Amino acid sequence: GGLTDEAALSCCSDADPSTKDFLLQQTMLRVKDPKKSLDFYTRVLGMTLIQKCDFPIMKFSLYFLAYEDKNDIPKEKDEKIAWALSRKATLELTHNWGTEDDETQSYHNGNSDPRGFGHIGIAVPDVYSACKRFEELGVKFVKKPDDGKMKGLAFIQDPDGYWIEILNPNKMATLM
C-alpha cells in the first residue's frame, strides 16, 4: 500500500547547510518545432522567452520560457544569462536542429510505455475560465475540467503532446 504520513517524514532529512540557497531552476523538454512551441508557450500560456542559446557545432538551440515580466530581462548579454538561469520555475526547451523536417520523428510524452516523466503543471486562478479560453484558441485537451473523476482539473497538450496540468490550488483539496 502507501506510506503513512509518519513513515514518509521519517524518510526525510533536514536540509544540510551546504544546500542553502539551492533552487529548482528548470525542467527541460525536447521540442520538435520551436516555432510551434514558442507560439504555444507565449501566446497560449502567457510565458515569456527569457533567453535563447544556440550551439552551432552540436546543432541545437535552447529556449528558456518563464512567467517573468519582459521588462526585467537585462539588456547586457552576460547579465541576461545569469538572470535567466537564476529564475525559479523555468522551462528549458531543447531544439535539435532538423527535427521539424523529419516526418518520422516525434518526442515521447512519458504517458504511455515506457513511462517516466508525466507532466508539467500550471497553477491558475480559475481552471474553467482558463480552459474556456484554451478551447477558443483550439488547444488540444487530454482532460477538460469536468471530464472524468476529478472535477475542476484539466490537462492540455503542447505542440509535442507533452501534458500540462491546469490546476487551481484553492480547489485541489476538494477534488473529486
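Note that residue numbering follows the sequence shown and begins at 1.
- Taking the mean C-alpha B-factor of each stretch as recorded, 36-44 and 140-148 are not equal, and the higher mean is that of 140-148.
- A summary of the deposited B-factors shows that, of 60-68 and 130-138, the stretch with the larger mean C-alpha value is 130-138.
- When the C-alpha B-factors of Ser10, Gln157, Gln25, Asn168 are read from the PDB record, the largest value belongs to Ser10.
- In the PDB entry, a CA B factor belonging to the lowest third of its chain's modelled residues is recorded for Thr90.
- When the CA B factors of the chain's modelled residues are split into thirds, the value for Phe117 lands in the lowest one.
- In the deposited entry, the Cα temperature factor of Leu153 sits in the middle third of values across the chain's modelled residues.
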